[PDB]
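Below, each value reflects all heavy atoms present in this structure, side chains not excepted, and no hydrogens, waters or symmetry copies. Letters A, B, ... are given to chains in the order of the sequence lines, protein chains preceding strands, and every chain is numbered from 1.
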Amino acid sequence: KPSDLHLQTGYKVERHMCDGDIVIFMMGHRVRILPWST
Amino acid sequence: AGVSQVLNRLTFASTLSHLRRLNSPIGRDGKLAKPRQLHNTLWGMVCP
Amino acid sequence: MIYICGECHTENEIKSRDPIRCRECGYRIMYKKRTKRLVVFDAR
Amino acid sequence: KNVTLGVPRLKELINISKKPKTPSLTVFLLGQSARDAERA
Amino acid sequence: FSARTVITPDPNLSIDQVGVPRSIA
Amino acid sequence: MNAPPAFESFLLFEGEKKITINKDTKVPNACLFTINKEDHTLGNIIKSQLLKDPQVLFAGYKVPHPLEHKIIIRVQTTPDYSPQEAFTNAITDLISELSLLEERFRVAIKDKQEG
Amino acid sequence: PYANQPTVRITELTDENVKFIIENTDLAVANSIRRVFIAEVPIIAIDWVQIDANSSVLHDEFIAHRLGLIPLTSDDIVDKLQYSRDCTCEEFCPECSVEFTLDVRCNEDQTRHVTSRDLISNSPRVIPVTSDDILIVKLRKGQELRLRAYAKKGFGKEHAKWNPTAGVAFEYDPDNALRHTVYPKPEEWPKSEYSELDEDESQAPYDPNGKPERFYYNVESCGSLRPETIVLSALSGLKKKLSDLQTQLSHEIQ
Amino acid sequence: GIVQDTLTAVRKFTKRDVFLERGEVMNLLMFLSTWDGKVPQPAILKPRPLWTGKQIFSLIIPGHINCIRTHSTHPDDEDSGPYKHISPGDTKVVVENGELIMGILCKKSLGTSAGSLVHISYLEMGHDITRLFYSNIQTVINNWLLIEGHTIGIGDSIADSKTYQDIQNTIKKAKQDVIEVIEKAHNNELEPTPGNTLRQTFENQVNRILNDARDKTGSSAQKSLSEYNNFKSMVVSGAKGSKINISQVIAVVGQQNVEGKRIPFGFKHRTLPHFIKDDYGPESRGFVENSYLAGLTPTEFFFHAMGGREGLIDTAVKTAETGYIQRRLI
Amino acid sequence: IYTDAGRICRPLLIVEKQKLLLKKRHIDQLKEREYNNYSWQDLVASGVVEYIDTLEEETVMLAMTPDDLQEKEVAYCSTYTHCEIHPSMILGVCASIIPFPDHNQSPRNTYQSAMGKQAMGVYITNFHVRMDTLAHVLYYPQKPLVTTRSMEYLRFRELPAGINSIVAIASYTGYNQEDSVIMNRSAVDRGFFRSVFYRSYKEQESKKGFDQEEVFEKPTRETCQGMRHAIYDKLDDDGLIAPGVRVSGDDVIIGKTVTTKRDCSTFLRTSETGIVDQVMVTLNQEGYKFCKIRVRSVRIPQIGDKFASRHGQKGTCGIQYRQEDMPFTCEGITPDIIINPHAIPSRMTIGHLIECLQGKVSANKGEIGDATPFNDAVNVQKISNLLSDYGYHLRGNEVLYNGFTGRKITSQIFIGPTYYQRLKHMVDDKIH
Amino acid sequence: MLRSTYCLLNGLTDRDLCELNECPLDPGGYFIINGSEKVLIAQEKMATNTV
Amino acid sequence: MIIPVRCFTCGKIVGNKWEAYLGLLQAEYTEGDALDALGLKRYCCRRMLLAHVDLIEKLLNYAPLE
Amino acid sequence: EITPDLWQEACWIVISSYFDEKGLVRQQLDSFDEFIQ
Ligand SMILES: [Zn+2]
Ligand SMILES: [Zn+2]
């Protein structure tokens with residue numbers, strides 16, 4: 001989509017979970033992305 | 001049901017241990033006894 | 001398409017619309033003759 | 001005396017089972033019956 | 001809603017963090 | 001999958017600088033050198049050489065997380081000496097020691113082979 | 001404030017072993033030397049396998065893995081090869097890699113040991129350490145193994161197949177004069193081979209003004225790199241890591 | 001979360017002998033997140049600058065907490081006599097002004113409890129402050145344990161010949177005492193204690209003798225654990241295992257019970273075909289008189305499997321009943 | 001008197017009066033069991049071994065050992081009528097793997113009995129022709145260095161399931177917290193606990209109805225296409241993939257079209273990036289075309305994979321340090337596994353420490369140690385007095401150095417070779 | 001049932017068990033039913049004919 | 001299946017000592033002497049030959065596919 | 001004559017001879033042979 005990629009205020013971009021996101025497994029944690037598979 | 005299970009082929013010991021397996025039923029006779037316990041009479045004849 | 005008889009190991013050209021059956025052996029189990037598309041391993 | 005405790009007693013309390021397995025009754029003696037064992 | 005991965009220990013995280021693989025993320 | 005290629009424990013990616021210096025603000029004359037793609041090999045010798053300077057009041061290093069490949073070295077000197085110079089002199093004196101060690105080992109070899 | 005002046009005394013030098021002693025150096029320098037022996041001496045090892053025929057009983061990655069662990073005599077070529085990421089050739093070239101081939105087929109009726117003497121190399125100086133042979137696979141009549149391989153340069157920090165040592169013994173202060181280890185009962189403990197104690201004494205008397213000096217090494221070799229060359233390349237590689245760090249730092253201060 | 005990993009270690013870190021050097025201390029201060037950049041003055045300036053475990057811990061402790069716990073092995077005859085504020089064994093904890101003055105920490109002082117320095121921290125200092133206090137304990141202790149190391153091996157499970165003779169004689173006394181009780185019963189000199197039976201009288205008397213034997217062996221073993229022993233390290237900080245586990249590892253596994261009673265007569269009048277009919281001795285009915293280091297004889301092994309399957313069944317039934325009760329309440 | 005079917009029984013030596021009937025000549029004739037035709041049945045038929053069942057077993061008076069039980073002493077019983085052959089024949093197949101099981105607590109013998117059925121290994125010798133779904137094959141299995149005598153008959157020296165690790169019981173960096181272990185990354189690069197994972201996919205070319213015949217054919221952009229999905233280019237023209245191609249996630253294996261043709265092609269089970277191992281083509285009972293395709297995936301131990309000892313507690317791998325980060329010995333012996341000390345006490349597995357001690361003696365002596373349960377010719381004192389002959393601390397401790405800073409560790413670490421199993425679980429099976 | 005008296009693998013030596021691509025260590029004692037290998041678990045029950 | 005190159009712990013090549021180990025065991029040397037004769041000193045390396053099960057010798061009994 | 005101290009090897013010759021003849025799935029096989037015969 002070379003045409004659709006422009007953003008202006010009010011849009012909801014659905015990004016990828018990154019460092020600092022808050023998830024829950026009922027207590028909640030801050031995501032930190034680590035390099036292996038667990 | 002529960003007779004005729006698929007043979008377990010993860011290890012050789014898993015296989016050999018599947019072909020020497022017993023099955024105490026939990027039907028009416030499992031309702032009257034203590035079938036989950038190790039009885040004195042299992043000595044030498046079932047693995048404790 | 002060359003398949004390989006699983007009993008006498010002779011390769012034979014079984015193209016589809018033909019039952020799987022080894023010529024001169026009549027065995028009904030055939031293996032598919034490893035590809036020639038080259039695949040690279042890192043020796044790790 | 002043998003009283004039920006732990007989880008079976010906890011669930012016969014959480015329920016109001018009118019037939020507890022061991023419905024005991026602790027009795028305290030008031031007069032001279034309390035010190036003297038024969039009147040007890 | 002993740003791929004139910006294993007949980008291993010990590011004493012270098014703060015007790016309020018979770019370490020998430022780059023494939024779950 | 002999520003397996004980091006084995007070469008990214010020692011190979012800088014674009015824009016990593018291999019070293020950054022942050023002045024530590026809790027105390028005077030303290031710096032915090034973050035070195036990318038290093039481990040205890042290069043951290044521990046620099047620390048133990050800094051701890052040899054009489055004008056270094058604190059030298060320490062840490063690998064923040066073992067799965068990330070970087071160290072932090074905190075230095076704190078006396079006011080008439082900056083931690084940048086203490087770091088530089090540590091590296092220079094390590095280089096000098098290993099040069100000496102290399103030539104001493106060449107001579108010891110060439111004598112053991114009864115040259 | 002300055003550099004210490006270490007001294008080396010070599011106790012033993014064979015084709016597979018250097019026993020030496022470093023004196024008057026920090027424990028951290030001696031441990032970083034040990035650490036570089038293991039993990040940052042470049043070596044040549046097969047890192048790209050392509051199997052053109054494999055009828056063996058071991059799958060293709062089994063064989064590629066075994067081939068990665070055959071030590072190739074990289075005595076004087078590792079300083080001349082390039083890391084494949086430094087070289088300009090597309091995938092491989094005679095500047096960054098060495099090409100091996102294997103082409104074995106069992107026609108007889110006895111099992112055919114495909115050993116490392118069957119890995120033939122295009123460059124006559126880096127070869128498997130065959131100068132018995134390392135068994136790659138065993139074949140049966142009618143089975144084949146035909147592959148191409150490329151050996152590149154790396155170090156044991158990347159993969160253990162580039163680790164040239166096969167066991168670095170390192171030890172300081174044999175008779176415990178520094179109490180870096182506290183023995184619950186000091187007499188149950190076997191005396192180190194470097195002790196200077198008599199047979200009745202079990203532990204040197206505590207040294208309060210002492211620091212670890214005199215580190216004893218024993219660097220064995222996996223055959224690939226001639227153990228004194230392991231040590232010289234470790235010293236040069238440590239010094240080069242430090243000097244490159246010094247350049248980056250001298251550039252960051254200004 | 002303060003798991004066994006950094007509870008045994010914090011009991012060893014805060015002992016009175018932990019003198020850290022300058023490089024070790026700087027290494028540890030790299031892992032304090034709440035450190036103000038100031039290196040404390042050494043406890044020992046001359047001859048060698050030499051910090052202490054309690055100094056670096058008092059650097060971990062947040063704010064200006066005040067607390068007075070009492071380490072697990074505190075002699076109770078100490079508070080009365082002299083040395084009450086001196087404590088020769090370093091068993092009284094006094095965190096005064098945010099600063100460990102004396103006393104070895106453990107889980108009694110660092111768990112969550114009444115007192116429990118972490119609790120007083122949560123109450124007084126806050127709630128993120130105690131998060132930092134947890135994580136700091138963990139990191140600086142993990143790294144000091146890189147310097148110090150902890151292990152468990154054989155020889156931790158082995159006791160000196162004095163304690164072996166003590167435990168063997170305790171067991172032999174229990175044997176001959178059950179033997180004389182059995183001879184009483186067999187000659188009718190046993191009179192039923194008021195209320196239950198003569199069989200239950202005999203049963204209670206024997207179970208009493210044998211449980212006293214097991215507990216005396218367990219105590220006489222744990223009293224011989226050296227300070228250099230790592231099972232003592234495990235237990236006195238309450239970090240891992242119970243002292244009964246170590247008792248069985250070192251002293252005696254003891255009497256095995258199936259449904260509260262000794263091993264049942266499962267053949268006709270005997271517990272196994274190896275015993276004589278009507279054998280009430282301790283060997284016959286399930287008394288394992290070997291530790292796990294000496295190993296169980298073939299019948300002890302079986303009685304132990306019998307009596308340890310009850311644990312496996314009790315576990316499952318308890319988890320089921322407990323989940324039920326919890327859901328009903330909730 | 002019973003001649004029923006289903007009475008479980010077991011053989012027992014006969015003791016006439018107080019002497020075994022098994023004389024020395026029966027043993028001399030059984031030693032030469034080949035080229036003699038003297039077998040078990042010539043021992044049964046000689047009236048020297050009996051089969052006793054569970055209710056005939058209540059009239060008998062067993063002895064455990066001849067050497068002790070029927071010797072004159074202060075009399076306990078002097079009317080013994082049978083004798084145990086060996087008291088360790090009371091254990092099953094999966095509990096005959098546990099070494100020194102009379103030193104563990106029975107919950108641990110039960111846990112291990114359950115986990116000896118999950119250890120990978122070689123499961124059968126002809127796995128090269130068997131297209132099971134889900135086979136797991138270790139690269140380099142090893143027979144145990146401390147082994148039961150009841151394992152000679154379970155064929156556990158020939159299809160063994162595990163590798164003798166060097167295990168240090170030490171708190172190293174906290175990544176072995178409760179049951180986790182720290183693995184050597186260099187050992188893992190050298191082949192340690194590597195595994196192969198095979199999966200078979202079958203599909204048949206059923207022509208059930210008159211129309212709507214399923215057929216194997218390369219779909220992609222051939223002719224009369226339907227709902228062709230992601231990728232269909234590795235198939236050969238017969239719609240089957242060929243052995244030796246690398247298949248990735250959501251990649252097509254069998255090109256089946258159910259005829260204006262719909263596609264019902266077979267894809268890999270939600271990602272794994274294996275290599276197609278074997279493609280066999282045949283006909284089922286109905287005479288329809290039938291195809292089984294086995295793909296192969298190598299599995300190198302990772303941060304999630306679960307490993308367990310023979311003494312019943314299993315743990316993930318917390319972290320993997322390379323060889324230079326591991327605590328070394330004054331010989332350069334870095335452990336393969338570092339396990340947590342605070343696991344051992346709570347589980348009564350002294351058998352784990354005795355297995356390490358006996359395994360150290362066996363690796364140095366050049367033997368393979370006897371962990372048979374009720375031995376009495378194997379103490380811990382006898383193992384220690386042999387370990388102190390190869391120049392080690394008699395209790396298996398060893399001065400380890402810190403791999404990060406090079407400094408000795410103040411307390412001596414307990415290290416030695418223990419047989420470890422790679423449990424079938426791992427983590428490649430959850431992230432796909 | 002495999003390797004029972006009526007199987008084709010009953011007395012075969014370990015060589016001719018390998019010429020059929022069968023493992024000489026495979027214990028037998030299972031059925032090959034529609035490709036699957038089935039084990040008949042031994043079901044225990046109360047003894048008949050006794051009071 | 002087949003002898004590993006490279007002792008797992010230390011990295012010393014044991015993969016050319018299997019046929020020598022077998023040849024020295026059939027010439028009646030105890031295993032502790034066969035392992036000292038191949039120069040395997042550390043017990044980490046001696047368990048690589050001591051505890052190896054040669055399964056490629058049993059997989060070479062099944063005839064190849066071709 | 002009797003076996004006094006050679007027991008622990010006599011013990012295991014008698015067990016080896018058991019498992020040489022029977023094996024470990026002997027109950028399965030003997031049961032099916034009885035059925036089918
Ligand atoms: Zn033919
Ligand atoms: Zn080794």
Side-chain angles (χ1 to χ4, degrees), chain A residues 22-30 38, chain B residues 26 30-31 34-37, chain D residues 1-24 26, chain E residues 1-10 13 15-18, chain H residues 1-5 7 107-108 110-116 118-119 121-123 127 130-131 134 238-242 244-245 257-260 307-330, chain I residues 105-108 110-111 114-115 177-180 306 312-316 342-343 346-347 425 430:
Chain A
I22 281 190
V23 293
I24 63 175
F25 268 100
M26 191 173 181
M27 294 295 171
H29 316 272
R30 291 187 290 111
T38 49
Chain B
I26 195 65
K31 300 291 286 185
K34 304 185 273 276
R36 284 178 187 256
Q37 293 202 334
Chain D
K1 175 60 185 151
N2 283 316
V3 296
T4 172
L5 288 173
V7 190
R9 184 50 168 144
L10 193 61
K11 62 162 66 177
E12 87 186 33
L13 279 163
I14 297 316
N15 311 300
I16 57 168
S17 179
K18 300 187 293 293
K19 53 177 286 293
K21 289 182 70 67
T22 80
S24 176
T26 317
Chain E
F1 65 100
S2 98
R4 317 247 340 142
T5 311
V6 189
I7 300 172
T8 47
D10 198 320
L13 296 187
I15 77 170
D16 58 89
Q17 298 193 2
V18 68
Chain H
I2 179 150
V3 84
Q4 6 104 311
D5 238 308
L7 212 71
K107 76 178 181 69
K108 183 180 292 184
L110 283 173
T112 308
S113 301
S116 158
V118 170
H119 188 218
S121 175
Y122 163 74
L123 295 170
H127 168 265
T130 304
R131 205 251 312 159
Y134 269 142
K240 185 65 174 174
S242 314
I244 60 172
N245 306 330
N257 308 286
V258 177
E259 295 294 329
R309 171 151 308 172
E310 322 310 316
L312 295 175
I313 303 162
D314 291 6
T315 283
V317 305
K318 286 193 287 185
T319 72
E321 307 198 322
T322 305
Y324 185 54
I325 276 173
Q326 284 169 8
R327 276 177 271 143
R328 285 192 59 182
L329 286 180
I330 288 183
Chain I
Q105 68 154 0
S106 61
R108 301 258 71 81
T110 306
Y111 198 70
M115 284 188 318
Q177 269 187 355
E178 54 185 0
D179 270 323
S180 277
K306 297 212 174 186
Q313 198 44 261
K314 77 167 173 184
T316 44
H342 321 103
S346 68
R347 292 160 166 72
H425 311 126
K430 298 166 191 62

Just how far is it from atom CD1 of A:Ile24 to atom CE of A:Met27, taken to the nearest 0.5 Å? 11.0 Å
Compare all side-chain heavy atoms of I:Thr110 with those of I:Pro107 and state whether any distance is below 4.5 angstrom. no
Determine whether H:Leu329 and H:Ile325 satisfy the following criterion, side-chain contact (heavy atoms from CB on, under 4.5 Å), listing intermediate values before the conclusion. CA-CA 6 Å; H:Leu329 286 180; H:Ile325 276 173; 4.3 Å; yes
Are more than 12 heavy atoms from other residues, nucleotides or ligands located less than 6.0 Å from atom CD of I:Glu178? no
Backbone N or O of H:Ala114 within a donor-acceptor pair of the H:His119 side chain at under 3.5 Å? no
Does atom NZ of D:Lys19 have more than 12 heavy-atom neighbours, drawn from other residues, nucleotides or ligands, at distances under 6.0 Å? no
Can you give me the closest heavy-atom contact between A:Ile22 and A:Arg30, atom names plus distance? CG1-CG, 4.0 Å
Counterpart residues, salt bridge (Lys or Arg N to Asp or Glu O under 4.0 Å), relative to I:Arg347 (two or more places apart): I:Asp179
Between NZ of H:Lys108 and CG of H:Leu7, what distance do you get to the nearest 0.5 Å? 12.0 Å
Going by heavy atoms in the side chains, are D:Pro8 and D:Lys21 under 4.5 Å from each other? no
When you measure from the centre of the six-membered ring of I:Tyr111, is the NZ or CZ of I:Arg108 under 6.0 Å away and within 45° of the axis? yes
Derivation of the side-chain contact (heavy atoms from CB on, under 4.5 Å) call for H:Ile2 and H:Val118: CA-CA 10 Å; H:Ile2 179 150; H:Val118 170; 5.9 Å; no
With sequence neighbours excluded, residues passing side-chain hydrogen bond (donor to acceptor under 3.5 Å, both in side chains) with D:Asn15: H:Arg328
D:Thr4 and D:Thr22: CA distance, side-chain angles, deciding distance, side-chain hydrogen bond (donor to acceptor under 3.5 Å, both in side chains) verdict: CA-CA 7 Å; D:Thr4 172; D:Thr22 80; 5.8 Å; no
With a sphere of 6.0 Å drawn around CZ of H:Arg131, does it hold more than 12 non-hydrogen atoms of other residues, nucleotides or ligands? yes
Interatomic distance, OH@H:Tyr134 vs OG1@H:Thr112, rounded to 0.5 Å, equals 3.5 Å
Would you name the heavy atoms of B:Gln37 and H:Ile313 that are closest together and state the gap between them? CG-CD1, 4.0 Å
How far apart are the closest heavy atoms of H:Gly308 and I:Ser106, and which atoms are they? CA-OG, 3.7 Å
Are there over 12 heavy-atom neighbours, none belonging to D:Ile16, within less than 6.0 Å of that residue's CD1? no
Which heavy atom of H:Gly238 sits nearest a heavy atom of H:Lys107, and at what distance? O-CE, 3.3 Å
Rounded to the nearest 0.5 Å, what's the gap from CD on I:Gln177 to CD on H:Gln4? Could you check? 8.5 Å
For I:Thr316 and A:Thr38, what are the C-alpha separation, side-chain angles and deciding distance, and is it a side-chain contact (heavy atoms from CB on, under 4.5 Å)? CA-CA 10 Å; I:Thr316 44; A:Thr38 49; over 6 Å; no
Anything under 30° is parallel, anything over 60° is perpendicular, the rest tilted; go ahead and classify A:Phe25 against A:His29. perpendicular
In chain order, what residues pass the salt bridge (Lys or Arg N to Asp or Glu O under 4.0 Å) check against D:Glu12, with sequence neighbours excluded? D:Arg9
Nearest-0.5 Å distance that lies between atom OG in I:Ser180 and atom NZ in I:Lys314: 12.0 Å
